[PDB]
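Dropping protein-v3.cif in here (mmCIF, C-alpha atoms and all ligand atoms):
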data_my_file
#
loop_
_atom_site.label_atom_id
_atom_site.label_comp_id
_atom_site.auth_asym_id
_atom_site.auth_seq_id
_atom_site.Cartn_x
_atom_site.Cartn_y
_atom_site.Cartn_z
CA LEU A 1 8.15 22.24 -4.07
CA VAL A 2 4.44 22.61 -5.01
CA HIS A 3 2.62 19.92 -6.97
CA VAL A 4 -0.81 21.05 -8.09
CA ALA A 5 -3.31 18.36 -9.07
CA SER A 6 -4.38 18.76 -12.71
CA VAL A 7 -7.36 16.69 -13.88
CA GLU A 8 -6.63 14.64 -17.00
CA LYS A 9 -8.23 16.69 -19.76
CA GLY A 10 -11.98 16.34 -19.90
CA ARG A 11 -12.10 13.26 -17.63
CA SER A 12 -14.69 12.65 -14.93
CA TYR A 13 -15.89 9.88 -12.51
CA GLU A 14 -17.06 7.63 -15.23
CA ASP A 15 -13.68 7.58 -16.96
CA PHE A 16 -11.87 6.60 -13.76
CA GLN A 17 -14.54 3.99 -12.91
CA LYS A 18 -13.72 2.39 -16.27
CA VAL A 19 -10.03 2.22 -15.32
CA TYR A 20 -10.97 0.80 -11.89
CA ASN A 21 -13.14 -1.80 -13.60
CA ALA A 22 -10.33 -2.85 -16.00
CA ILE A 23 -7.96 -3.30 -13.04
CA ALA A 24 -10.63 -5.18 -11.08
CA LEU A 25 -11.47 -7.49 -14.03
CA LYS A 26 -7.78 -8.26 -14.53
CA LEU A 27 -7.43 -9.02 -10.80
CA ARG A 28 -10.21 -11.55 -11.22
CA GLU A 29 -8.74 -13.02 -14.44
CA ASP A 30 -5.07 -13.38 -13.45
CA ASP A 31 -5.87 -15.39 -10.32
CA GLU A 32 -2.90 -17.82 -10.46
CA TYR A 33 -0.23 -15.29 -9.51
CA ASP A 34 1.84 -16.07 -6.41
CA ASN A 35 0.30 -19.47 -5.75
CA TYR A 36 -3.24 -18.18 -6.18
CA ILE A 37 -2.93 -15.15 -3.95
CA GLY A 38 -3.56 -13.03 -7.05
CA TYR A 39 -2.22 -9.50 -7.64
CA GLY A 40 -4.18 -7.65 -4.97
CA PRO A 41 -1.53 -7.60 -2.25
CA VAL A 42 1.36 -6.62 -4.52
CA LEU A 43 -0.75 -3.78 -5.97
CA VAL A 44 -1.40 -2.46 -2.45
CA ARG A 45 2.30 -2.64 -1.72
CA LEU A 46 3.12 -0.85 -5.01
CA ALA A 47 0.75 2.02 -4.17
CA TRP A 48 2.38 2.33 -0.77
CA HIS A 49 5.97 2.24 -2.02
CA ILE A 50 5.35 4.85 -4.71
CA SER A 51 3.83 7.12 -2.05
CA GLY A 52 6.20 6.28 0.78
CA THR A 53 9.19 8.03 -0.81
CA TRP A 54 7.61 11.32 0.27
CA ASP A 55 9.50 13.71 2.53
CA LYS A 56 7.33 16.31 4.24
CA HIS A 57 10.37 18.57 4.74
CA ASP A 58 10.91 19.43 1.08
CA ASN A 59 8.03 17.71 -0.78
CA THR A 60 10.41 15.43 -2.64
CA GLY A 61 9.22 11.96 -3.59
CA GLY A 62 5.54 11.05 -3.19
CA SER A 63 2.97 9.66 -5.60
CA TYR A 64 2.49 12.81 -7.68
CA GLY A 65 5.25 12.41 -10.26
CA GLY A 66 4.86 8.76 -11.11
CA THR A 67 8.61 8.34 -10.77
CA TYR A 68 8.53 4.57 -10.15
CA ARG A 69 8.49 4.27 -13.97
CA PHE A 70 12.17 5.34 -13.99
CA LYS A 71 15.00 2.85 -13.50
CA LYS A 72 16.52 4.36 -10.36
CA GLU A 73 13.28 3.85 -8.41
CA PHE A 74 12.12 0.72 -10.25
CA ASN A 75 15.43 -0.88 -9.21
CA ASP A 76 15.43 0.24 -5.57
CA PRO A 77 16.28 -2.88 -3.54
CA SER A 78 13.35 -1.89 -1.27
CA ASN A 79 11.05 -2.32 -4.29
CA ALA A 80 12.14 -5.86 -5.22
CA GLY A 81 9.07 -7.79 -6.35
CA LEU A 82 6.97 -4.73 -7.25
CA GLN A 83 7.87 -5.23 -10.89
CA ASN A 84 5.13 -7.84 -10.86
CA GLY A 85 2.58 -5.16 -10.04
CA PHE A 86 4.02 -2.86 -12.68
CA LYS A 87 3.70 -5.62 -15.30
CA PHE A 88 0.10 -6.23 -14.25
CA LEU A 89 -0.68 -2.55 -14.81
CA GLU A 90 1.03 -2.33 -18.22
CA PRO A 91 -2.04 -3.44 -20.22
CA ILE A 92 -4.15 -1.01 -18.22
CA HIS A 93 -1.74 1.80 -19.13
CA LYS A 94 -1.93 0.70 -22.77
CA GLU A 95 -5.73 0.72 -22.84
CA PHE A 96 -6.02 4.03 -20.96
CA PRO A 97 -2.93 5.99 -22.02
CA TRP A 98 -4.46 9.22 -20.71
CA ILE A 99 -4.23 8.32 -17.02
CA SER A 100 -1.08 9.62 -15.35
CA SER A 101 1.37 7.12 -13.96
CA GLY A 102 0.91 8.23 -10.35
CA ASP A 103 -2.84 8.13 -10.80
CA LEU A 104 -2.58 4.60 -12.18
CA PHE A 105 -0.29 3.27 -9.46
CA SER A 106 -2.38 4.77 -6.66
CA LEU A 107 -5.69 3.71 -8.24
CA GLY A 108 -4.27 0.17 -8.49
CA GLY A 109 -3.91 0.11 -4.71
CA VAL A 110 -7.41 1.51 -4.12
CA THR A 111 -8.93 -1.00 -6.53
CA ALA A 112 -7.05 -3.89 -4.91
CA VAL A 113 -8.17 -2.94 -1.37
CA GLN A 114 -11.78 -2.61 -2.41
CA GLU A 115 -11.93 -5.74 -4.58
CA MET A 116 -10.39 -7.69 -1.66
CA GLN A 117 -13.48 -6.67 0.40
CA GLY A 118 -11.69 -3.85 2.18
CA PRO A 119 -13.06 -0.42 3.00
CA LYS A 120 -13.96 2.08 0.35
CA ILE A 121 -10.98 4.37 -0.22
CA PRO A 122 -11.88 7.79 -1.67
CA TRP A 123 -9.48 8.65 -4.47
CA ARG A 124 -8.61 11.88 -6.22
CA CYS A 125 -7.20 12.26 -9.73
CA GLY A 126 -4.67 14.74 -11.06
CA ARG A 127 -1.17 13.52 -10.35
CA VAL A 128 1.10 14.63 -13.26
CA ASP A 129 4.13 12.73 -14.50
CA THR A 130 7.37 14.58 -13.73
CA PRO A 131 10.79 14.07 -15.37
CA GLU A 132 13.45 11.49 -14.59
CA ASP A 133 15.54 13.95 -12.56
CA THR A 134 12.69 14.26 -10.05
CA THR A 135 12.99 10.58 -9.08
CA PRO A 136 13.91 10.24 -5.38
CA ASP A 137 17.07 8.34 -4.47
CA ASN A 138 16.82 4.88 -3.01
CA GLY A 139 16.72 4.44 0.76
CA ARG A 140 13.55 6.31 1.74
CA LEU A 141 11.44 3.19 2.40
CA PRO A 142 11.60 1.52 5.82
CA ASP A 143 13.77 -1.28 7.16
CA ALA A 144 12.00 -4.32 8.69
CA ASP A 145 14.65 -5.34 11.27
CA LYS A 146 14.12 -2.43 13.64
CA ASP A 147 12.07 -1.52 16.70
CA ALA A 148 9.09 0.65 17.64
CA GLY A 149 11.12 3.80 18.06
CA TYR A 150 12.47 3.40 14.53
CA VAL A 151 8.95 2.89 13.16
CA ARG A 152 7.61 5.93 14.98
CA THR A 153 10.43 8.20 13.84
CA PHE A 154 10.34 6.84 10.30
CA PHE A 155 6.66 7.62 9.85
CA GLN A 156 7.00 11.18 11.12
CA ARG A 157 8.65 11.93 7.76
CA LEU A 158 5.35 10.89 6.12
CA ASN A 159 3.34 12.98 8.59
CA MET A 160 1.78 9.87 10.16
CA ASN A 161 0.96 9.56 13.86
CA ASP A 162 0.70 6.43 16.01
CA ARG A 163 -2.87 5.63 15.03
CA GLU A 164 -2.17 6.12 11.33
CA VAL A 165 0.93 3.89 11.54
CA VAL A 166 -0.86 1.07 13.32
CA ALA A 167 -3.81 1.32 10.91
CA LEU A 168 -1.59 1.26 7.81
CA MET A 169 0.36 -1.76 9.07
CA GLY A 170 -2.82 -3.81 9.04
CA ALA A 171 -2.20 -4.23 5.30
CA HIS A 172 0.30 -6.90 6.42
CA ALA A 173 -2.68 -9.22 6.68
CA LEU A 174 -2.41 -9.36 2.88
CA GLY A 175 -0.14 -11.47 0.74
CA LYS A 176 3.20 -12.76 1.97
CA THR A 177 6.87 -12.17 2.26
CA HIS A 178 9.25 -13.74 -0.32
CA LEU A 179 12.80 -14.61 0.64
CA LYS A 180 14.25 -13.56 -2.70
CA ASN A 181 12.62 -10.13 -2.53
CA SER A 182 13.22 -9.01 1.06
CA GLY A 183 15.08 -11.67 3.04
CA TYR A 184 11.85 -12.65 4.85
CA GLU A 185 9.71 -15.67 4.09
CA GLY A 186 6.17 -16.81 4.69
CA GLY A 187 3.03 -15.39 6.12
CA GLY A 188 0.37 -17.40 4.33
CA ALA A 189 -1.72 -16.64 1.26
CA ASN A 190 -4.46 -14.24 2.37
CA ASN A 191 -6.20 -12.06 -0.23
CA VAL A 192 -9.16 -10.86 1.81
CA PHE A 193 -8.86 -7.50 3.58
CA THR A 194 -9.62 -8.01 7.25
CA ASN A 195 -8.37 -6.91 10.70
CA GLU A 196 -6.64 -10.28 11.19
CA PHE A 197 -3.14 -8.75 11.46
CA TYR A 198 -4.12 -7.40 14.86
CA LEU A 199 -5.88 -10.58 16.02
CA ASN A 200 -2.89 -12.62 14.96
CA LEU A 201 -0.47 -10.32 16.81
CA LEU A 202 -2.45 -10.69 20.01
CA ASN A 203 -3.59 -14.30 19.83
CA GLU A 204 -0.87 -16.38 18.20
CA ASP A 205 2.02 -18.06 20.01
CA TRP A 206 4.98 -16.29 18.41
CA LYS A 207 8.52 -17.67 18.26
CA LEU A 208 11.52 -15.51 17.28
CA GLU A 209 13.33 -17.58 14.66
CA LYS A 210 16.08 -17.19 12.06
CA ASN A 211 14.94 -17.67 8.48
CA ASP A 212 16.96 -19.09 5.59
CA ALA A 213 18.43 -15.65 4.82
CA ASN A 214 19.74 -15.50 8.42
CA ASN A 215 17.28 -12.75 9.43
CA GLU A 216 15.07 -12.83 12.50
CA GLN A 217 11.31 -12.99 12.15
CA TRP A 218 8.46 -14.05 14.41
CA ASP A 219 6.67 -17.24 13.36
CA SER A 220 3.56 -19.03 14.46
CA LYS A 221 2.69 -22.70 14.01
CA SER A 222 -0.37 -21.69 11.99
CA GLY A 223 1.94 -20.16 9.33
CA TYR A 224 1.63 -16.47 10.07
CA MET A 225 4.72 -14.31 10.46
CA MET A 226 5.57 -10.91 11.89
CA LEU A 227 8.52 -8.76 10.88
CA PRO A 228 10.44 -7.25 13.78
CA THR A 229 8.75 -3.92 12.95
CA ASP A 230 5.32 -5.61 13.02
CA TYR A 231 6.01 -7.22 16.39
CA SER A 232 7.17 -3.86 17.73
CA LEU A 233 3.53 -2.78 17.65
CA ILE A 234 2.84 -5.04 20.65
CA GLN A 235 6.13 -4.23 22.41
CA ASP A 236 5.46 -0.48 22.63
CA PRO A 237 2.61 0.33 25.03
CA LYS A 238 1.12 3.11 22.87
CA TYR A 239 1.06 0.98 19.74
CA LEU A 240 -0.27 -1.96 21.78
CA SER A 241 -3.38 -0.06 22.85
CA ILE A 242 -4.23 0.69 19.22
CA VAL A 243 -3.58 -2.90 18.11
CA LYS A 244 -6.12 -3.99 20.75
CA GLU A 245 -8.59 -1.41 19.52
CA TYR A 246 -8.42 -2.63 15.92
CA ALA A 247 -8.45 -6.29 16.92
CA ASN A 248 -11.75 -5.57 18.64
CA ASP A 249 -13.48 -3.28 16.11
CA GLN A 250 -13.43 -4.23 12.43
CA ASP A 251 -15.38 -1.15 11.36
CA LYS A 252 -13.09 1.24 13.22
CA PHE A 253 -10.10 -0.36 11.62
CA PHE A 254 -11.68 -0.06 8.16
CA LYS A 255 -12.50 3.59 8.65
CA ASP A 256 -9.10 4.51 10.01
CA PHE A 257 -7.24 2.52 7.35
CA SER A 258 -9.27 4.22 4.62
CA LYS A 259 -8.38 7.69 5.94
CA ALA A 260 -4.69 6.87 6.42
CA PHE A 261 -4.31 5.16 3.05
CA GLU A 262 -5.97 8.02 1.17
CA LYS A 263 -3.72 10.45 3.06
CA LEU A 264 -0.63 8.39 2.20
CA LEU A 265 -1.58 8.36 -1.48
CA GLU A 266 -2.26 12.12 -1.46
CA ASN A 267 0.76 13.36 0.51
CA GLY A 268 2.56 16.15 -1.36
CA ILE A 269 -0.35 17.09 -3.61
CA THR A 270 -2.06 20.46 -3.59
CA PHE A 271 -5.70 20.16 -4.64
CA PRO A 272 -7.18 23.41 -6.02
CA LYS A 273 -10.33 24.60 -4.21
CA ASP A 274 -12.40 23.87 -7.33
CA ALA A 275 -10.90 20.38 -7.90
CA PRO A 276 -13.47 17.56 -8.13
CA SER A 277 -14.46 15.94 -4.88
CA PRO A 278 -12.86 12.55 -4.16
CA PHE A 279 -14.30 9.68 -6.14
CA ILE A 280 -15.70 6.57 -4.43
CA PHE A 281 -15.62 3.75 -6.96
CA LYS A 282 -18.14 0.95 -7.02
CA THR A 283 -16.78 -2.55 -6.79
CA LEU A 284 -17.42 -5.06 -9.59
CA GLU A 285 -19.74 -6.84 -7.19
CA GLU A 286 -21.75 -3.64 -6.54
CA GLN A 287 -22.09 -3.13 -10.30
CA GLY A 288 -23.18 -6.72 -10.99
CA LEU A 289 -20.06 -7.20 -13.14
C1 LIG B 1 7.59 -0.29 8.93
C2 LIG B 1 6.85 -0.34 7.81
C3 LIG B 1 6.89 -1.45 6.86
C4 LIG B 1 7.91 -2.37 6.63
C5 LIG B 1 9.25 -2.47 7.23
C6 LIG B 1 7.38 -3.26 5.63
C7 LIG B 1 8.09 -4.37 5.11
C8 LIG B 1 7.59 -5.34 4.25
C9 LIG B 1 8.34 -6.47 3.78
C10 LIG B 1 9.77 -6.79 4.10
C11 LIG B 1 7.47 -7.21 2.96
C12 LIG B 1 7.78 -8.43 2.16
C13 LIG B 1 8.10 -8.07 0.71
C14 LIG B 1 8.40 -9.32 -0.08
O1 LIG B 1 9.23 -10.13 0.38
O2 LIG B 1 7.75 -9.54 -1.13
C15 LIG B 1 6.22 -6.48 2.95
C16 LIG B 1 5.07 -6.91 2.29
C17 LIG B 1 3.87 -6.17 2.17
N1 LIG B 1 3.69 -4.93 2.64
FE1 LIG B 1 4.89 -3.93 3.97
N2 LIG B 1 6.14 -2.92 5.23
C18 LIG B 1 5.81 -1.82 5.96
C19 LIG B 1 4.63 -1.10 5.83
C20 LIG B 1 3.59 -1.36 4.92
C21 LIG B 1 2.47 -0.47 4.70
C22 LIG B 1 2.29 0.86 5.32
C23 LIG B 1 1.68 -1.10 3.71
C24 LIG B 1 0.46 -0.63 3.06
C25 LIG B 1 -0.51 0.07 3.61
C26 LIG B 1 2.35 -2.35 3.40
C27 LIG B 1 1.86 -3.32 2.56
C28 LIG B 1 2.45 -4.57 2.25
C29 LIG B 1 1.78 -5.61 1.51
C30 LIG B 1 0.43 -5.58 0.99
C31 LIG B 1 2.71 -6.66 1.44
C32 LIG B 1 2.57 -7.99 0.76
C33 LIG B 1 3.12 -7.95 -0.66
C34 LIG B 1 2.96 -9.26 -1.44
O3 LIG B 1 2.23 -10.16 -1.01
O4 LIG B 1 3.56 -9.33 -2.54
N3 LIG B 1 3.55 -2.48 4.09
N4 LIG B 1 6.30 -5.31 3.69
#
Written form, structure tokens:
Amino acid sequence: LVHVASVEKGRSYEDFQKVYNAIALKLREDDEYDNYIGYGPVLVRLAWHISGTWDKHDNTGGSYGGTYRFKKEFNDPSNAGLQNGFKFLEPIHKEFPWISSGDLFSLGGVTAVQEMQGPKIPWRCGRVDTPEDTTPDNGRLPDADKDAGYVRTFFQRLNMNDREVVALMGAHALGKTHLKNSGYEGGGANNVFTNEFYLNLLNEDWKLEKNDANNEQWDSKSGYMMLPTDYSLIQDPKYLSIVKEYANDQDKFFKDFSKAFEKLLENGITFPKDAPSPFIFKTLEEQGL
């Protein structure tokens, strides 16, 4: 399958900066969500789950088609909780009805990372909504109870290598787990994008415990948690080296995360040679807004 990016008619940087700014202003305004974490983390997770359905083998799934708007995908058990992000984006969709659904979902994740003081993430427009029958079946997103070999194999389907996997997982610094969504609980209330996932992995005293859903997770006394798949990144010697690298170099982590996250959000999309260059949006803070 080929999905060619098609720029929303007549739109340019300034139009998408306006959408970014509306998302960013709403992030600031609706600060109470999830015990004052705000919507940033769930928007990052939404952007990832709408992209992470991709299969490199046949170009099914992926962000292009905006298929999360359809019930089969909306109701994937793996997506429990993301409805909160969707609801956040509804007024944005209403104000800017011209932006495609995949563009909106992916731009929500970019805006969230940047407004949380993360790296700049270049972003390209032109995803085009596709019909309900193009929605991927449930079961393409990863399980959390597994080991490093599972993680490694899983991410090959998304064309991600060890460095890209470890970099992407650093998003688990953000937000928290919720027992009712995933069968995992805790992790704090962080809404600042940092390399602390890696520092916490290396420096905390982790205990393997059973949570109230009878699933195993690693807990620290300071309130952080690691999923089994997170902890696998320090069990496997190749992953461990990269964890150490990112724990010791904030800038390197930022740069690698930015590349991997853009790639994730763009998997499956063919950009014409004369497509616009990727946009780098200014934060509200940079604009004095
Ligand atoms: C092996 C891969 C991964 C597994 C198994 C996994 C699993 C999970 C689980 C179980 C939760 C808790 C959901 C809930 O209870 O609300 C979660 C949260 C989260 N995940 Fe992942 N994840 C993975 C990779 C990623 C990647 C690649 C990103 C993005 C780059 C990401 C971003 C997030 C964020 C931001 C949250 C917090 C959401 C919130 O606070 O509402 N995850 N993930």
Identify, on the basis of only C-alpha atoms, every residue whose closest approach to residue 33 in chain A does not exceed 12 Å; exclude the query and any residue fewer than 6 positions from it along the same chain; express the result as a PDB file with C-alpha atoms, in the coordinates of the input.
ATOM      1  CA  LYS A  26      -7.780  -8.260 -14.530  1.00  0.00           C
ATOM      2  CA  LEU A  27      -7.430  -9.020 -10.800  1.00  0.00           C
ATOM      3  CA  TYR A  39      -2.220  -9.500  -7.640  1.00  0.00           C
ATOM      4  CA  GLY A  40      -4.180  -7.650  -4.970  1.00  0.00           C
ATOM      5  CA  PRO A  41      -1.530  -7.600  -2.250  1.00  0.00           C
ATOM      6  CA  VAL A  42       1.360  -6.620  -4.520  1.00  0.00           C
ATOM      7  CA  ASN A  84       5.130  -7.840 -10.860  1.00  0.00           C
ATOM      8  CA  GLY A  85       2.580  -5.160 -10.040  1.00  0.00           C
ATOM      9  CA  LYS A  87       3.700  -5.620 -15.300  1.00  0.00           C
ATOM     10  CA  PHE A  88       0.100  -6.230 -14.250  1.00  0.00           C
ATOM     11  CA  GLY A 175      -0.140 -11.470   0.740  1.00  0.00           C
ATOM     12  CA  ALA A 189      -1.720 -16.640   1.260  1.00  0.00           C
ATOM     13  CA  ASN A 191      -6.200 -12.060  -0.230  1.00  0.00           C
TER      14      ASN A 191
END
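If you measure from each of A:157, A:49, A:282, A:57 to ligand LIG 1 (chain B) using all atoms listed in the file, the closest one turns out to be A:49.
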Output as a Markdown table one row per residue of chain A within 7 Å of ligand LIG 1 (chain B): the closest atom pair and its distance in Å to one decimal place, counting all atoms listed in the file, sorted by chain and residue number ascending.
| residue | atom | partner | partner_atom | distance |
| --- | --- | --- | --- | --- |
| A:41 | CA | B:LIG1 | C30 | 4.3 |
| A:42 | CA | B:LIG1 | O4 | 4.0 |
| A:44 | CA | B:LIG1 | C30 | 5.0 |
| A:45 | CA | B:LIG1 | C27 | 4.4 |
| A:48 | CA | B:LIG1 | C24 | 5.2 |
| A:81 | CA | B:LIG1 | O2 | 5.7 |
| A:142 | CA | B:LIG1 | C5 | 4.8 |
| A:143 | CA | B:LIG1 | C5 | 4.7 |
| A:144 | CA | B:LIG1 | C5 | 3.6 |
| A:151 | CA | B:LIG1 | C1 | 5.5 |
| A:168 | CA | B:LIG1 | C25 | 4.5 |
| A:169 | CA | B:LIG1 | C22 | 5.0 |
| A:171 | CA | B:LIG1 | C25 | 4.9 |
| A:172 | CA | B:LIG1 | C28 | 5.2 |
| A:174 | CA | B:LIG1 | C30 | 5.1 |
| A:175 | CA | B:LIG1 | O3 | 3.2 |
| A:176 | CA | B:LIG1 | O3 | 4.1 |
| A:177 | CA | B:LIG1 | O1 | 3.6 |
| A:178 | CA | B:LIG1 | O1 | 3.7 |
| A:179 | CA | B:LIG1 | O1 | 5.7 |
| A:180 | CA | B:LIG1 | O1 | 6.8 |
| A:181 | CA | B:LIG1 | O1 | 4.5 |
| A:182 | CA | B:LIG1 | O1 | 4.2 |
| A:183 | CA | B:LIG1 | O1 | 6.6 |
| A:184 | CA | B:LIG1 | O1 | 5.8 |
| A:185 | CA | B:LIG1 | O1 | 6.7 |
| A:229 | CA | B:LIG1 | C1 | 5.5 |
| A:261 | CA | B:LIG1 | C25 | 6.4 |
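Residue nearest residue 28 in chain A, chosen from A:286, A:145, A:248, A:111 and counting only C-alpha atoms: A:111.
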Rounded to one decimal place, report the CA of residue 149 in chain A-CA of residue 226 in chain A distance in Å.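 Atom-to-atom, CA of residue 149 in chain A and CA of residue 226 in chain A are spaced 16.9 Å apart.
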Of the candidates A:80, A:243, A:148, A:50, which one gets nearest to residue 135 in chain A if we count only C-alpha atoms?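 Result for the nearest residue to residue 135 in chain A: A:50.
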As a PyMOL selection string, please: the residues near residue 59 in chain A (cut-off 10 Å, only C-alpha atoms, same-chain neighbours under 6 positions excluded). chain A and resi 1-3+53+267-269
All residues 7 Å or closer to residue 206 in chain A, all atoms listed in the file, same chain fewer than 6 positions away omitted, as a compact mmCIF listing (two decimals) with C-alpha atoms, in the coordinates of the input:
# COMPACT_ATOMS: atom_id res chain seq x y z
CA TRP A 218 8.46 -14.05 14.41
CA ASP A 219 6.67 -17.24 13.36
CA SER A 220 3.56 -19.03 14.46
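From CA of residue 76 in chain A back to CA of residue 209 in chain A, the distance works out to 27.0 Å.
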Residue nearest residue 105 in chain A - candidates A:78, A:187, A:47, A:83, atoms counted: all atoms listed in the file: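 That would be A:47, the residue with the smallest distance to residue 105 in chain A.
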Computed interatomic separation between CA of residue 278 in chain A and CA of residue 5 in chain A (Å): 12.2 Å
Per residue of range 83-195 of chain A within 6 Å of range 61-64 of chain A, what are the shortest atom pair and its distance in Å to one decimal, counting only C-alpha atoms, with rows by chain and residue number, as JSON lines?
{"residue": "A:102", "atom": "CA", "partner": "A:63", "partner_atom": "CA", "distance": 5.4}
{"residue": "A:127", "atom": "CA", "partner": "A:64", "partner_atom": "CA", "distance": 4.6}
{"residue": "A:136", "atom": "CA", "partner": "A:61", "partner_atom": "CA", "distance": 5.3}
Identify which of the residues A:188, A:279, A:163, A:65 lies closest to residue 4 in chain A, counting all atoms listed in the file when measuring atom-to-atom distances.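 Counting all atoms listed in the file, the residue closest to residue 4 in chain A is A:65.
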Which of these, A:155, A:13, A:150, A:193, has the shortest distance to residue 258 in chain A once you count all atoms listed in the file?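 Checking each of A:155, A:13, A:150, A:193 against residue 258 in chain A, counting all atoms listed in the file, the winner is A:193.
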Write out as JSON an axis-aligned box for range 237-254 of chain A: all of its atoms listed in the file, 4 Å added on each side, centre and edge lengths in Å with one decimal.
{"center_x": -6.4, "center_y": -1.6, "center_z": 16.6, "size_x": 26.0, "size_y": 17.4, "size_z": 24.9}
Range 85-184 of chain A residues near range 194-203 of chain A within 7 Å, closest pair each, using all atoms listed in the file, as CSV:
residue,atom,partner,partner_atom,distance
A:118,CA,A:194,CA,6.9
A:170,CA,A:197,CA,5.5
A:172,CA,A:197,CA,6.4
A:173,CA,A:197,CA,4.8
Around (-6.7, 8.2, 4.5) in the file's frame, which residues reach within 12 Å when counting all atoms listed in the file? Return as an MDAnalysis selection string? chainID A and resid 110 119:124 159:160 163:165 167:168 253:267 278
I'd like the contact shell of residue 25 in chain A - 10 Å cut-off, all atoms listed in the file, skipping same-chain residues fewer than 4 positions apart - returned as a PDB file with C-alpha atoms, in the frame of the given file.
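And here is the file that came out, part01.pdb:
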ATOM      1  CA  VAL A  19     -10.030   2.220 -15.320  1.00  0.00           C
ATOM      2  CA  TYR A  20     -10.970   0.800 -11.890  1.00  0.00           C
ATOM      3  CA  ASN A  21     -13.140  -1.800 -13.600  1.00  0.00           C
ATOM      4  CA  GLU A  29      -8.740 -13.020 -14.440  1.00  0.00           C
ATOM      5  CA  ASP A  30      -5.070 -13.380 -13.450  1.00  0.00           C
ATOM      6  CA  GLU A 115     -11.930  -5.740  -4.580  1.00  0.00           C
ATOM      7  CA  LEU A 284     -17.420  -5.060  -9.590  1.00  0.00           C
ATOM      8  CA  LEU A 289     -20.060  -7.200 -13.140  1.00  0.00           C
TER       9      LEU A 289
END
Just add N, CA and C atoms to range 195-211 of chain A and send it as a PDB file, in the frame of the given file.
ATOM      1  N   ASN A 195      -9.183  -7.337   9.552  1.00  0.00           N
ATOM      2  CA  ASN A 195      -8.370  -6.910  10.700  1.00  0.00           C
ATOM      3  C   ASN A 195      -7.547  -8.042  11.317  1.00  0.00           C
ATOM      4  N   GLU A 196      -7.299  -9.126  10.579  1.00  0.00           N
ATOM      5  CA  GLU A 196      -6.640 -10.280  11.190  1.00  0.00           C
ATOM      6  C   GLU A 196      -5.190 -10.035  11.565  1.00  0.00           C
ATOM      7  N   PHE A 197      -4.506  -9.037  11.013  1.00  0.00           N
ATOM      8  CA  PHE A 197      -3.140  -8.750  11.460  1.00  0.00           C
ATOM      9  C   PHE A 197      -3.105  -8.546  12.957  1.00  0.00           C
ATOM     10  N   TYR A 198      -4.065  -7.771  13.456  1.00  0.00           N
ATOM     11  CA  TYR A 198      -4.120  -7.400  14.860  1.00  0.00           C
ATOM     12  C   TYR A 198      -4.498  -8.586  15.744  1.00  0.00           C
ATOM     13  N   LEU A 199      -5.509  -9.356  15.317  1.00  0.00           N
ATOM     14  CA  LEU A 199      -5.880 -10.580  16.020  1.00  0.00           C
ATOM     15  C   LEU A 199      -4.722 -11.557  16.065  1.00  0.00           C
ATOM     16  N   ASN A 200      -4.011 -11.714  14.971  1.00  0.00           N
ATOM     17  CA  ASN A 200      -2.890 -12.620  14.960  1.00  0.00           C
ATOM     18  C   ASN A 200      -1.779 -12.159  15.902  1.00  0.00           C
ATOM     19  N   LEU A 201      -1.460 -10.860  15.883  1.00  0.00           N
ATOM     20  CA  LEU A 201      -0.470 -10.320  16.810  1.00  0.00           C
ATOM     21  C   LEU A 201      -0.809 -10.673  18.238  1.00  0.00           C
ATOM     22  N   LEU A 202      -2.064 -10.490  18.632  1.00  0.00           N
ATOM     23  CA  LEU A 202      -2.450 -10.690  20.010  1.00  0.00           C
ATOM     24  C   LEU A 202      -2.653 -12.129  20.411  1.00  0.00           C
ATOM     25  N   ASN A 203      -3.076 -12.973  19.493  1.00  0.00           N
ATOM     26  CA  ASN A 203      -3.590 -14.300  19.830  1.00  0.00           C
ATOM     27  C   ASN A 203      -2.665 -15.450  19.494  1.00  0.00           C
ATOM     28  N   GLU A 204      -1.747 -15.292  18.563  1.00  0.00           N
ATOM     29  CA  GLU A 204      -0.870 -16.380  18.200  1.00  0.00           C
ATOM     30  C   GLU A 204       0.267 -16.540  19.191  1.00  0.00           C
ATOM     31  N   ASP A 205       0.834 -17.743  19.218  1.00  0.00           N
ATOM     32  CA  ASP A 205       2.020 -18.060  20.010  1.00  0.00           C
ATOM     33  C   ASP A 205       3.244 -17.844  19.123  1.00  0.00           C
ATOM     34  N   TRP A 206       3.913 -16.709  19.296  1.00  0.00           N
ATOM     35  CA  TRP A 206       4.980 -16.290  18.410  1.00  0.00           C
ATOM     36  C   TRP A 206       6.330 -16.759  18.901  1.00  0.00           C
ATOM     37  N   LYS A 207       7.150 -17.260  17.979  1.00  0.00           N
ATOM     38  CA  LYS A 207       8.520 -17.670  18.260  1.00  0.00           C
ATOM     39  C   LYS A 207       9.460 -16.845  17.383  1.00  0.00           C
ATOM     40  N   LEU A 208      10.513 -16.282  17.997  1.00  0.00           N
ATOM     41  CA  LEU A 208      11.520 -15.510  17.280  1.00  0.00           C
ATOM     42  C   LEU A 208      12.545 -16.475  16.686  1.00  0.00           C
ATOM     43  N   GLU A 209      12.544 -16.589  15.362  1.00  0.00           N
ATOM     44  CA  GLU A 209      13.330 -17.580  14.660  1.00  0.00           C
ATOM     45  C   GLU A 209      14.233 -16.905  13.655  1.00  0.00           C
ATOM     46  N   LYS A 210      15.267 -17.608  13.205  1.00  0.00           N
ATOM     47  CA  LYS A 210      16.080 -17.190  12.060  1.00  0.00           C
ATOM     48  C   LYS A 210      15.580 -17.908  10.815  1.00  0.00           C
ATOM     49  N   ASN A 211      15.337 -17.138   9.762  1.00  0.00           N
ATOM     50  CA  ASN A 211      14.940 -17.670   8.480  1.00  0.00           C
ATOM     51  C   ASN A 211      16.151 -18.091   7.646  1.00  0.00           C
TER      52      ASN A 211
END
